[PDB]
Amino acid sequence: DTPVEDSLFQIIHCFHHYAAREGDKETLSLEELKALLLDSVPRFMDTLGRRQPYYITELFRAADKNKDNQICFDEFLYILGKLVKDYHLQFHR
Amino acid sequence: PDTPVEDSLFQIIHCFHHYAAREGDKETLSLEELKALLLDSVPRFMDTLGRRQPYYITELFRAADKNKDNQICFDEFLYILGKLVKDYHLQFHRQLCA
Ligand SMILES: [Ca+2]
Ligand SMILES: [Ca+2]
Ligand SMILES: [Ca+2]
Ligand SMILES: [Ca+2]
Ligand code: NA
Ligand code: NA
């Protein structure tokens, strides 16, 4: 695999690792998303301070397009887009 | 150090920037830059059926180029990254099944 292929599989592995903990094994609850972010993107999460929990709930509701209170793989793309853009702003600054 | 996922995000960003720097705007992809990015970076994706054919790469570029300026900026590239991650998600499932 190329380094980018290794990167895509790492992201997919990540999603499944957290989604499998509770409820539907293919979807993230808010708590599964919270664990995924705190463990996987700490540089980003560390920057948010007091309003971290407010940010995670806003991100989750924005991603949960069908309002069923869980993130499927397709809805997770929304979160990946936000993470990629945040790390992009870091890649520069 | 950075987590595996953080390393993954930086790899994706680095890849975009490497190809976008070749010609024209150094922060956007020409069709020729996108084509090289895909064939070099995601060969398993490009191996699928007809994705190596001009038709597929030209239609993916057209779909991604939302403002019709004949280049893919970083925000438009997220469209392509979503398509790639969804295809590699099927490959992840086929590998688990084998
Ligand atoms: Ca779950
Ligand atoms: Ca949902
Ligand atoms: Ca360019
Ligand atoms: Ca464009
Ligand atoms: Na899956
Ligand atoms: Na950039």
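Residue numbers start from 1 in every chain, and the chains themselves are labelled A, B, ... in the order their sequence lines are given, proteins ahead of strands. Start at 1 and go down the list; that is how both ligands and their atoms are numbered.
- Ring geometry, A/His16 versus B/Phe92: the interplanar angle falls under 30°, so the pair is classed parallel (tilted spans 30 to 60°).
- With respect to B/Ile80, the side-chain contact (heavy atoms from CB on, under 4.5 Å) criterion is satisfied by exactly one of B/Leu37, B/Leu60, B/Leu29, B/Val85: B/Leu60.
- Nearest N/O/S atom of A/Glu22 relative to the Ca ion (ligand 1): this is O.
- B/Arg51 pairs in a side-chain contact (heavy atoms from CB on, under 4.5 Å) with only one of the listed residues (B/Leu39, B/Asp87, B/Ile57), which is B/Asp87.
- Between B/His89 and A/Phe15, the ring planes lie perpendicular to each other; the angle is over 60°, past the 30° to 60° tilted range.
- Between the Ca ion (ligand 2) and A/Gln70 there is an N/O/S contact shorter than 3.0 Å.
- Side-chain contact between A/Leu83 and A/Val41: present, with at least one pair of heavy atoms (C-beta onward) separated by less than 4.5 Å.
- Residue side and main chain included, A/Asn69 places no N/O/S atom under 3.0 Å of the Ca ion (ligand 2).
- Residue A/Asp68 approaches the Ca ion (ligand 2) most closely through its N/O/S atom OD1.
- Within the coordination shell of the Ca ion (ligand 1), defined by N, O or S atoms under 3.0 Å, A/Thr27 is present.
- Between the OD1 atom of A/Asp64 and the OD1 atom of A/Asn66, the angle centred on the Ca ion (ligand 2) amounts to 80° when rounded to 10°.
- For the pair B/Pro43 and B/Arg52, the minimum side-chain heavy-atom distance is below 4.5 Å.
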**Message:** Does A/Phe44 form a ring-ring contact (aromatic ring centres under 6.0 Å, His included) with A/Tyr55? I'd like the steps, not just the answer.
**Reply:** CA-CA 12 Å; A/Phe44 174 49; A/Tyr55 177 77; 5.6 Å; yes
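- Rounded to the nearest 10 degrees, the angle NE2 (B/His93) to the Na ion (ligand 5) to NE2 (A/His16) equals 120°.
- Vertex the Ca ion (ligand 1), arms ending at O of A/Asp24 and O of A/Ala19: the angle is 90° after rounding to 10 degrees.
- The closest approach of A/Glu26 to the Na ion (ligand 5), by N/O/S atoms, is made by OE2.
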